[PDB]
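Participant: Sharing a structure with you now.
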Amino acid sequence: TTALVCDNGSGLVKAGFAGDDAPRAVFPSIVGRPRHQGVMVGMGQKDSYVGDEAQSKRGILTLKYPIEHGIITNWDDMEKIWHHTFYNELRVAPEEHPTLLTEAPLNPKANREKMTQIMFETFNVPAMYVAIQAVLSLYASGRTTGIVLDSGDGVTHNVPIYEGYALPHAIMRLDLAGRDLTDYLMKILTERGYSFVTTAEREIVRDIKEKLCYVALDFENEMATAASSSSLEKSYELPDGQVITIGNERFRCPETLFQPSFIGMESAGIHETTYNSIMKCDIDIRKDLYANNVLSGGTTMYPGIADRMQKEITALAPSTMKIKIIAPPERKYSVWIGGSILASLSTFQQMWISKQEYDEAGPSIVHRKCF
Amino acid sequence: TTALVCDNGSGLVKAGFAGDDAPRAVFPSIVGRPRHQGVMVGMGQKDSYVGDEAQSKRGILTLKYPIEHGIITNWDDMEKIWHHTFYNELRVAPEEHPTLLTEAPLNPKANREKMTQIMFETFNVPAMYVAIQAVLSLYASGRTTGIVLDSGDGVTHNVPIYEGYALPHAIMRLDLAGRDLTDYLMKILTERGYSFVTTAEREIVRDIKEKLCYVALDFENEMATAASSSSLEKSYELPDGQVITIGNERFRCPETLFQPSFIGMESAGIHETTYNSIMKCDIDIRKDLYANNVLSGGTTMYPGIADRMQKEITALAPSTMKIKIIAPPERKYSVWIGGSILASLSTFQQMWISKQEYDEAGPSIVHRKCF
Amino acid sequence: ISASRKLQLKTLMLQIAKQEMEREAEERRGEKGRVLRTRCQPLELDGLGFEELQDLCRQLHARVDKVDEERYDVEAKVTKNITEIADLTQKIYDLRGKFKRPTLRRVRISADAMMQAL
Amino acid sequence: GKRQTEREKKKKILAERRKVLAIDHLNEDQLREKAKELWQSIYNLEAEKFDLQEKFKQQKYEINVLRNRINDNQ
Amino acid sequence: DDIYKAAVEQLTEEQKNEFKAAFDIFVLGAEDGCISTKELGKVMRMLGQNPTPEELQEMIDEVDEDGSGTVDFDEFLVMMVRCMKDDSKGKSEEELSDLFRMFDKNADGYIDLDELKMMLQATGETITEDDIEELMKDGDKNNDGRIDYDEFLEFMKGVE
Ligand SMILES: Nc1ncnc2c1ncn2[C@@H]1O[C@H](COP(=O)(O)OP(=O)(O)O)[C@@H](O)[C@H]1O
Ligand SMILES: Nc1ncnc2c1ncn2[C@@H]1O[C@H](COP(=O)(O)OP(=O)(O)O)[C@@H](O)[C@H]1O
Ligand SMILES: [Mg+2]
Ligand SMILES: [Mg+2]
């Protein structure tokens with residue numbers, strides 16, 4: 001039979017059968033209970049709208065993501081999300097399909113063990129396998145080397161790989177991602193008068209960020225230009241009218257990636273954690289990693305980031321090496337495409353964690369040889 | 001049929017069919033298992049890369065030479081190296097070809113007996129013969145007398161020969177060679193800030209030594225000059241950029257040959273062990289040995305050694321004798337060229353150790369008349 | 001340098017190549033026929049005692065066993081060369097798969113067309 | 001690899017392929033028929049082996065071109 | 001070559017529906033008398049899914065190479081083949097390997113330039129600017145005069 005390549009993510013759940021080009025169903029991972037009282041009788045009001053249904057009734061819900069930073073903080077809601085994904089968005093019972101979840105690097109063990117225990121006890125799948133979210137993104141590019149920066153919505157991690165041999169001592173995981181950029185944008189919009197507070201209006205700020213923000217090639221020059229002319233002010237129409245005008249908030253929101261001091265984080269930007277991740281590698285594979293830097297994940301879709309990052313790394317790196325940044329147009333679904341490719345391989349067909357194996361060793365089987 | 005003139009050496013395996021000018025395949029003798037974990041599936045990752053393949057993937061391997069000082073310390077790896085040499089670099093099955101290995105003087109017997117046992121049992125050659133590495137280097141020069149200093153990469157030995165009669169009581173074998181010079185260079189580079197530690201970076205230090213180091217004609221004058229001017233500082237580009245500048249480390253690394261007290265060895269330099277080897281000979285053949293001093297081996301390729309050695313010996317020797325140092329341009333492959341010449345001789349064709357002879361007397365046949 | 005001229009030239013040369021490939025195939029077929037015909041060693045089957053008939057057929061049995069043994073040896077050797085070819089195929093496919101390995105997949109079924117139903 | 005085992009397999013096949021027939025187990029004419037049957041089987045075997053040699057020559061072709069490309073990579 | 005096989009395989013269940021539906025949609029007549037002899041453009045425009053331009057150009061040129069300017073049922077099927085993916089799709093890579101084996105039957109480790117010369121002599125195509133140029137550039141893809149296997153391998157690959 002065919003395998004189910006699910007990809008929990010944090011912000012958008014992407015799923016679909018193995019062997020295709022794009023995920024079959026992509027929908028936000030939010031579960032929102034209603035918060036008001038409700039007076040109409042017999043309206044058929046449910047107790048929790050999940051997935052894309054709660055992005056249409058979000059006016060009277062309190063949306064809450066079940067995955068904070070890679071890790072899962074609310075297991076009941078995550079179980080509900082998985083149940084919805086299997087039964088309503090794909091309509092395939094899990095009793096007859098292997099599953100291939102994905103997990104960020106350096107995550108707590110208990111999260112992974114609980115994930116496999118749920119998949120084997122509640123949904124009762126035949127066999128499931130958990131894979132690191134960066135190796136798949138490297139599969140999708142058709143490479144076999146390279147250092148991949150997978151800046152998702154929950155957590156940004158940077159896994160270097162050479163000739164198929166991952167370097168476990170050079171993984172640099174940073175917890176700044178799309179959600180913190182949304183919060184920072186929502187916080188700097190208040191400097192013009194627009195106040196978004198409700199958890200429903202966070203979605204509106206996210207839409208503003210997606211449609212308007214861009215990464216500046218040079219920050220100081222853009223700050224000077226936006227403060228003199230008015231060629232940058234782009235307007236946007238809220239879900240009820242009252243258009244708003246975003247000035248130099250456009251390139252200040254995604255600039256937080258390269259200067260995490262804006263949101264008070266100490267660490268260095270995504271332009272310098274990649275160079276540090278390279279320098280921890282051996283001295284003889286640094287040229288190949290320099291030449292095959294891969295971008296993935298949703299948050300790396302800002303217009304103009306593949307040039308800013310290349311300029312920064314070229315500034316840091318030695319002058320002789322060639323710096324090349326691979327930015328495929330299908331960046332958002334790169335991890336899932338790689339997952340489909342991996343699940344479609346014949347050599348991989350014996351790596352699944354078969355159910356009888358789980359029955360013999362318990363949920364701690366995932367840390368064992370079947371990784 | 002044709003004979004296989006293999007030459008194990010220590011650092012570079014040189015092989016080729018008898019009767020040519022240069023070895024057919026020359027490649028480092030290193031076997032390196034991978035050391036990291038490896039995450040890509042189906043990449044076709046082998047368990048041990050040998051020969052010149054492991055000089056390209058050395059970034060994720062742990063290279064380890066199977067021959068320490070002439071002697072062989074790891075028989076499985078040496079067998080792997082031989083198998084590679086026969087099947088992939090020459091592509092001739094050993095079942096149909098005699099072999100002519102080479103061995104340093106004064107080596108342990110068990111090494112030679114195990115070598116012949118392997119060649120007769122595993123590879124199953126028709127007949128093999130083991131020859132001393134210095135007599136061949138004397139063949140290649142077209143002489144029949146002379147005292148040859150064969151400073152390889154493992155061990156430096158100095159065999160005097162007159163009129164074809166070797167003098168077994170005058171062989172002076174010293175264990176300082178190219179590898180110790182590489183280690184000493186790697187140890188003195190730390191005085192400028194460059195630290196090479198990994199077994200892969202030993203190859204980089206070896207390349208630095210080959211391309212930059214030279215032997216000073218007079219040591220104190222060079223030490224004084226390099227400490228005042230800056231006309232010696234030559235720069236070199238690492239495999240990733242960050243050029244380095246070598247100052248008076250240039251002629252201090254190969255100076256260890258003439259003053260083995262630098263690396264803590266007690267013995268006298270290669271300039272004085274040759275004179276001692278001569279003085280042990282009879283009083284009537286010392287003039288001929290003085291006039292026909294032969295250099296061979298890789299490590300004698302330093303620019304300016306054929307003059308320093310001549311100056312030193314002229315200082316030691318009596319003033320009347322003429323001191324001449326034969327330094328052919330084909331020094332590195334001198335032993336193998338001599339091996340080809342010896343294997344191509346008709347008079348030598350009945351000295352091979354035929355397999356039936358080995359079956360009758362066991363591996364201890366090599367010490368017998370068939371030397 | 002014209003594209004039309006280039007395509008005409010490559011088309012004609014490709015067809016000549018295909019014709020010569022069929023020519024080589026039928027040439028090998030004829031060579032095989034000749035080799036099989038010349039393999040047979042005819043025997044004078046008539047006017048011999050039946051025990052001699054059994055003897056001769058047993059001798060041919062020994063010949064057959066030896067010949068099939070030679071075939072086994074050459075098949076094993078070509079099989080080892082097959083393993084070597086597989087290794088070298090792994091080498092080239094790895095060197096190129098570093099960029100074009102995941103091309104093996106199934107795409108363009110229903111998401112690319114069925115979209116207005118939702 | 002480990003020619004003793006390979007030769008062992010060869011001898012197992014040959015002893016298996018040593019279809020020695022007994023005395024009163026055919027007709028003289030049937031004996032001729034079986035002899036010719038072996039003849040034709042071995043002729044087909046020779047055709048297969050000849051094509052095998054052709055394909056092995058092509059294998060050598062691929063080997064030399066492959067190693068030449070390998071050297072070109074350096 | 002594969003052209004006639006693709007033409008015969010046009011008789012199927014999907015492309016039959018495609019031809020029928022297209023005929024019922026935008027093949028009727030009742031024009032001003034201009035005679036849409038070049039209605040292949042109409043079909044390509046009305047397809048709604050343009051294939052790779054190679055099929056379209058082969059239909060444009062290869063069809064009516066005599067300049068008939070008329071399309072019949074068989075040519076309708078030819079156009080329908082040009083619509084869907086009925087191509088041989090580069091023939092068989094085994095064909096490429098066997099062809100290069102016949103080329104370097106001399107065991108040069110590559111298709112020698114003289115192999116190309118003899119093949120051109122057999123094909124007899126006039127030596128134009130493209131002639132010899134293709135041979136040399138393929139042989140000198142490294143631009144060093146050295147002809148390697150993969151050079152002509154990719155030179156002949158991608159074509160039927
Ligand atoms: N076109 C876009 N431009 C800018 N940001 C985007 C765009 N699309 C998505 N994002 C950001 O990326 C996030 C989605 O990232 P995604 O890759 O789905 O995370 P995950 O790894 O959990 O799947 C969204 O929250 C959004 O903030
Ligand atoms: N051009 C060169 N200049 C200086 N040193 C060299 C040069 N070439 C080789 N060497 C040294 O000689 C060694 C090779 O010696 P070689 O003669 O191959 O040893 P063996 O006797 O084991 O074959 C290398 O390790 C290197 O350190
Ligand atoms: Mg992700
Ligand atoms: Mg030597």
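Ligands are numbered from 1 in the order shown, residues from 1 within each chain, and chains are lettered A, B, ... in the order they appear in the structure tokens.
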Do a neighbour search on residue 90 (chain E) at 6 Å with only C-alpha atoms, toss out local chain neighbours closer than 5 positions, and write the hits as a JSON list (two decimals) with C-alpha atoms, in the first residue's frame.
Facilitator:
[["chain", "number", "residue", "atom", "x", "y", "z"],
["E", 158, "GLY", "CA", 17.05, 13.54, -24.63],
["E", 159, "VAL", "CA", 16.22, 12.67, -28.24],
["E", 160, "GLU", "CA", 14.22, 9.86, -29.82]]
Participant: Compute the set of protein, DNA and RNA residues whose minimum atom distance to ligand 2 is at most 6 Å, using only C-alpha atoms and all ligand atoms, and state it as a count of residues only.
Facilitator: 16
Participant: Any idea what the distance is between CA of residue 97 (chain E) and CA of residue 17 (chain C)?
Facilitator: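 CA of residue 97 (chain E) sits 11.9 Å away from CA of residue 17 (chain C).
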Participant: List the spatial neighbours of region 305-310 of chain B as an mmCIF file with N, CA, C and O atoms, in the first residue's frame - criterion: any atom at most 10 Å away, only C-alpha atoms, same-chain residues fewer than 4 positions off excluded.
Facilitator:
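Result file is result.cif:
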data_model
loop_
_atom_site.group_PDB
_atom_site.id
_atom_site.type_symbol
_atom_site.label_atom_id
_atom_site.label_comp_id
_atom_site.auth_asym_id
_atom_site.auth_seq_id
_atom_site.Cartn_x
_atom_site.Cartn_y
_atom_site.Cartn_z
ATOM 1 N N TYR B 214 62.583 23.724 2.463
ATOM 2 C CA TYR B 214 63.832 23.497 1.758
ATOM 3 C C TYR B 214 64.950 23.372 2.778
ATOM 4 O O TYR B 214 64.826 23.856 3.900
ATOM 5 N N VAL B 215 66.044 22.743 2.378
ATOM 6 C CA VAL B 215 67.166 22.505 3.276
ATOM 7 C C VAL B 215 68.170 23.637 3.128
ATOM 8 O O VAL B 215 68.628 23.933 2.020
ATOM 9 N N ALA B 216 68.528 24.258 4.242
ATOM 10 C CA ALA B 216 69.445 25.383 4.217
ATOM 11 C C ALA B 216 70.872 24.908 4.012
ATOM 12 O O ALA B 216 71.293 23.884 4.553
ATOM 13 N N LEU B 217 71.626 25.672 3.219
ATOM 14 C CA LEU B 217 73.031 25.348 3.019
ATOM 15 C C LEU B 217 73.831 25.543 4.295
ATOM 16 O O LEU B 217 74.671 24.710 4.645
ATOM 17 N N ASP B 218 73.597 26.642 5.000
ATOM 18 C CA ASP B 218 74.204 26.879 6.301
ATOM 19 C C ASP B 218 73.119 27.304 7.272
ATOM 20 O O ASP B 218 72.418 28.286 7.023
ATOM 21 N N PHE B 219 72.994 26.578 8.378
ATOM 22 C CA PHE B 219 71.834 26.753 9.245
ATOM 23 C C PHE B 219 71.864 28.060 10.021
ATOM 24 O O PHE B 219 70.851 28.768 10.064
ATOM 25 N N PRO B 254 63.095 20.506 7.707
ATOM 26 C CA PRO B 254 63.974 19.473 7.155
ATOM 27 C C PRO B 254 65.362 19.481 7.748
ATOM 28 O O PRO B 254 66.146 18.578 7.444
ATOM 29 N N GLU B 255 65.697 20.479 8.557
ATOM 30 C CA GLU B 255 66.968 20.459 9.266
ATOM 31 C C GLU B 255 67.038 19.324 10.269
ATOM 32 O O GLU B 255 68.138 18.913 10.644
ATOM 33 N N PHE B 258 69.580 16.503 9.639
ATOM 34 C CA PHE B 258 70.988 16.621 9.985
ATOM 35 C C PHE B 258 71.236 16.848 11.463
ATOM 36 O O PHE B 258 72.389 16.793 11.889
ATOM 37 N N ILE B 270 71.862 12.443 8.984
ATOM 38 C CA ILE B 270 72.082 11.633 7.796
ATOM 39 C C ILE B 270 73.395 12.026 7.147
ATOM 40 O O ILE B 270 73.878 11.341 6.243
ATOM 41 N N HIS B 271 73.979 13.136 7.583
ATOM 42 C CA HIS B 271 75.280 13.553 7.083
ATOM 43 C C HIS B 271 76.422 12.821 7.757
ATOM 44 O O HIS B 271 77.520 12.766 7.196
ATOM 45 N N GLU B 272 76.197 12.265 8.939
ATOM 46 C CA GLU B 272 77.241 11.593 9.693
ATOM 47 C C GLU B 272 77.058 10.093 9.773
ATOM 48 O O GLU B 272 78.030 9.380 10.005
ATOM 49 N N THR B 274 76.208 8.410 7.146
ATOM 50 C CA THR B 274 76.830 7.969 5.905
ATOM 51 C C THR B 274 78.334 7.845 6.063
ATOM 52 O O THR B 274 78.937 6.861 5.629
ATOM 53 N N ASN B 293 78.477 8.296 -3.947
ATOM 54 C CA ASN B 293 77.394 8.380 -2.981
ATOM 55 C C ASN B 293 76.085 8.641 -3.713
ATOM 56 O O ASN B 293 75.981 9.605 -4.477
ATOM 57 N N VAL B 294 75.088 7.791 -3.481
ATOM 58 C CA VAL B 294 73.820 7.839 -4.201
ATOM 59 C C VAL B 294 72.723 8.263 -3.239
ATOM 60 O O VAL B 294 72.671 7.794 -2.100
ATOM 61 N N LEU B 295 71.846 9.149 -3.700
ATOM 62 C CA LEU B 295 70.650 9.524 -2.964
ATOM 63 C C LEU B 295 69.436 8.907 -3.631
ATOM 64 O O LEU B 295 69.408 8.752 -4.851
ATOM 65 N N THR B 299 62.130 11.526 0.519
ATOM 66 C CA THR B 299 62.487 12.629 1.401
ATOM 67 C C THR B 299 63.762 13.336 0.977
ATOM 68 O O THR B 299 64.050 14.420 1.483
ATOM 69 N N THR B 300 64.530 12.754 0.069
ATOM 70 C CA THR B 300 65.724 13.409 -0.425
ATOM 71 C C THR B 300 65.436 14.330 -1.586
ATOM 72 O O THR B 300 66.342 14.609 -2.376
ATOM 73 N N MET B 301 64.198 14.795 -1.720
ATOM 74 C CA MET B 301 63.801 15.697 -2.786
ATOM 75 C C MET B 301 63.759 17.147 -2.345
ATOM 76 O O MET B 301 63.307 18.003 -3.109
ATOM 77 N N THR B 314 82.233 16.540 2.927
ATOM 78 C CA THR B 314 83.551 17.086 2.631
ATOM 79 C C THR B 314 84.209 17.625 3.889
ATOM 80 O O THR B 314 85.430 17.532 4.049
ATOM 81 N N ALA B 315 83.423 18.204 4.790
ATOM 82 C CA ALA B 315 83.989 18.599 6.069
ATOM 83 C C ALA B 315 84.491 17.399 6.854
ATOM 84 O O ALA B 315 85.573 17.454 7.450
ATOM 85 N N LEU B 316 83.727 16.307 6.871
ATOM 86 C CA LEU B 316 84.139 15.143 7.661
ATOM 87 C C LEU B 316 85.272 14.367 6.998
ATOM 88 O O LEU B 316 86.216 13.951 7.674
ATOM 89 N N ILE B 323 84.421 13.977 -3.182
ATOM 90 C CA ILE B 323 83.083 13.634 -2.718
ATOM 91 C C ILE B 323 82.096 14.044 -3.794
ATOM 92 O O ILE B 323 82.027 15.219 -4.161
ATOM 93 N N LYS B 324 81.336 13.082 -4.290
ATOM 94 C CA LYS B 324 80.349 13.327 -5.324
ATOM 95 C C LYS B 324 79.035 12.696 -4.899
ATOM 96 O O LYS B 324 79.018 11.568 -4.407
ATOM 97 N N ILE B 325 77.940 13.424 -5.075
ATOM 98 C CA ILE B 325 76.631 12.978 -4.627
ATOM 99 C C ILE B 325 75.729 12.858 -5.838
ATOM 100 O O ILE B 325 75.388 13.866 -6.471
ATOM 101 N N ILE B 326 75.325 11.630 -6.161
ATOM 102 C CA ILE B 326 74.485 11.372 -7.321
ATOM 103 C C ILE B 326 73.043 11.615 -6.897
ATOM 104 O O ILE B 326 72.522 10.949 -6.003
ATOM 105 N N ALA B 327 72.384 12.578 -7.531
ATOM 106 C CA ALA B 327 71.002 12.936 -7.224
ATOM 107 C C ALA B 327 70.216 12.997 -8.525
ATOM 108 O O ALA B 327 69.989 14.081 -9.078
#
Participant: CA of residue 321 (chain B) and CA of residue 172 (chain B) are how many Å apart?
Facilitator: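 So the answer is 22.1 Å.
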Participant: Which neighbours of region 63-79 of chain C fall inside 7 Å, counting only C-alpha atoms, when residues of the same chain fewer than 6 positions from it are skipped, and could you give them as a VMD selection string?
Facilitator: chain D and resid 14 17 to 18 42 49 56
